[PDB]
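Take a look at this single chain, the form deposited in one PDB entry, given in structure tokens.
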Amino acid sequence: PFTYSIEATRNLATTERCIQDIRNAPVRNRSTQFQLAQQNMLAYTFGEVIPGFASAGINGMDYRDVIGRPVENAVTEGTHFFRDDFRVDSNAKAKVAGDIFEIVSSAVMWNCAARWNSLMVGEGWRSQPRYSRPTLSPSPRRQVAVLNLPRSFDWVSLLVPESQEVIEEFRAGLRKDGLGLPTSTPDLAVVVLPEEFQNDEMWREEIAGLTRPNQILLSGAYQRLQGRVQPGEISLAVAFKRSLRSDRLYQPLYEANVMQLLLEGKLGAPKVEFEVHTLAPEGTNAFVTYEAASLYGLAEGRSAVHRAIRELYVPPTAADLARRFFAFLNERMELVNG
């Protein structure tokens, strides 16, 4: 559970344990001895808890503590079973903690979207936990989908075919000149729900926890929307970075720039909103770095001039992340006709 429990831990099938012993089944080219079972850790720690939508204690708890809990539980489990034999590289904890930060945060936003969408289709404003009711006029056309995007994703694949074609022919021409304009992906995209889906309950249901079925539901969602999103319907891009270093700031800054060049410059979309979330900015310089103007618009006679990255957000609690996303939708979705 969220709070570690030996009983709960003993009740776990060997393959459900947070630590997997691979001392006898090594990974080729790797001297790894114990693996952090990331999916098992999410199921154990957050199987019945989505922070911000759980007990008032968890919702208002320091988000750093919430995010660090799965690894802590895992290390507690490994220590119990293997004592002094238990060993995991720093880089194992780094990789997993990053994924925990992203996945959990995306789940928080997923439930935000569910509650938002329910309101949009004319139901009430669910009251527990308590968040401020949006002032925006409800409409099914103002629903959104929260899409955790996979490694190796190209965000262009979200767009309707005709918009993809504009981009493809733009690049094709660049190539015959020895140039390219590859696109990677933000960690997450919030998109206006396609009309086709605007009465599917899927997008209006809050999940109770990151059980395996729910992990899969959230991580697979983007597939349902590929080739269905209009350029202006990419409402928000988010890059999660649990901590920052000066050299690890530039991927979201660059991708934001490319998204803006393509969507605003080539496809006539409004300002593309792209933000970065972190738990540990390690100084004030990352904030300055993210004050940078989007480059394309700096050329005369191009698109609107604005920041590439709208904000570097440091969520103090899960409840604050939820509050901020609701407030964002309240503003951004006003641009969408009811």
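In this text, rigid core is short for the largest set of C-alphas that superpose within 1.5 Å between two forms. Note that residue numbering follows the sequence shown and begins at 1.
Separately, the form deposited in another entry exists; it is not shown, and the next lines address it.
Exercise for the section: Align on the core first; then indicate which of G68, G47, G297, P281 has a CA shift of 2 angstroms or more between the shown form and the other one. Expected result: Between the two forms, the residue that moves is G297.
Handout entry: Core superposition between the shown form and the other one, C-alpha change of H306 at least 2 Å
Key = Yes, the C-alpha moves 2 Å or more.
Problem - Large Cα move at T211 between the shown form and the other one, threshold 2 Å, rigid core - result: Stays below the 2 Å threshold, so no.
Practice task
Taking the rigid core as the superposition reference, indicate whether the CA of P182 shifts 2 angstroms or more between the shown form and the other one.
Solution key: True for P182: a C-alpha shift of 2 Å or more.
Exercise for the section: Classify the change in Cα distance between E300 and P231 in that other deposited form as closer or farther, relative to the shown form (magnitude of 3 Å or more). Expected result: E300 and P231 sit closer together in that other deposited form.
Problem - Residue pair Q230, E300 - Cα distance in that other deposited form, closer or farther (3 Å or more) - result: Closer together, by at least 3 Å.
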